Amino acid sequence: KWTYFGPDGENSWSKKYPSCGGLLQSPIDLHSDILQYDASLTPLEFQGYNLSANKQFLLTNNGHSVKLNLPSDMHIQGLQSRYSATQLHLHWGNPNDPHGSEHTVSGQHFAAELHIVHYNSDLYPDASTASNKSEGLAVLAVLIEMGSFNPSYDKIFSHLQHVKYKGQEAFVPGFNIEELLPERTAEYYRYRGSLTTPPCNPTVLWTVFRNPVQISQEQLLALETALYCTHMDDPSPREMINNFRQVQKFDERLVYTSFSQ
């Protein structure tokens, strides 16, 4: 039911999904008044992100984004529990306005945003169970700007004509997921927040990398024109565009940075 536009859009999510009206919501605007350096934010290490090219990973249109399932041997090292990968997906704008990141930086949107969702595998047996527990999830967010062609992102994008409708699935050969991350991953923003989509559970430890990556105008346009939120046979199709939430009030939180300056 829920959407990003019209009667069932984000100002109405809380009618069905109470946590969407609760505290600790994401995304937010990352701006100077609410930033504070924290020297305890040491580098993350990305383990098992180089997925074998001889293996396949399932790509699905879930009616709200395109998501790639990830294996649980892929994990982050450096947080207080091991967080194992479960899926990645994206958020984007539209062909005439390619400004669809969720997080903003000093009030500006980026073209798009990648989220790599992980769950606390030390405590829970699956990501669905972790998603409604405190700090159950950890997301890596990469801000994407319009720039050079990016062959690594194209390993996902080149399959989109294949998952155009809700519920369709495709196989993507493995590739090195770390190639989707930017430069200087040691520099990031950290804060406690939520899923940015229903059910909006306040259970996410966010890491937003300081530096963006680039993908080209043509790759953005392919992303923004390939997909539909509706099933193949729906008589009222809806293009999957503008699938980002507006930024949320901070509710007195601060965002911690691993960089001073």
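By rigid core we mean the largest C-alpha set that fits within 1.5 Å across both forms. Don't overthink the numbering: it's just position in the shown sequence, from 1.
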| item | value |
| --- | --- |
| RMS CA shift, core-fitted in 9 other deposited structures of this protein, bigger for 43-51 or for 227-235 | 227-235 |
| Higher C-alpha RMS shift from the shown form in 9 other deposited structures of this protein - 250-258 or 4-12, rigid core fit | 250-258 |
| Higher-B stretch (mean Cα B-factor, as the entry records it), 191-199 or 36-44 | 36-44 |
| 153-161 or 139-147, whichever carries the higher mean Cα B-factor | 153-161 |
| Options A111, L90, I177, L123 - largest CA temperature factor per the record | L123 |
| Selection by C-alpha B-factor (highest) of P182, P173, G167, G100 | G167 |
| Among modelled residues of the same chain, the CA temperature factor third for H115 | lowest |
| Chain-wide C-alpha B factor ranking for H231, given as lowest, middle or highest third | highest |
| Within-chain third of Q80 by Cα B-factor, per the entry | highest |
| Among modelled residues of the same chain, the CA temperature factor third for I241 | middle |
| Where the record places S128 (Cα B-factor, split into thirds across the chain) | highest |
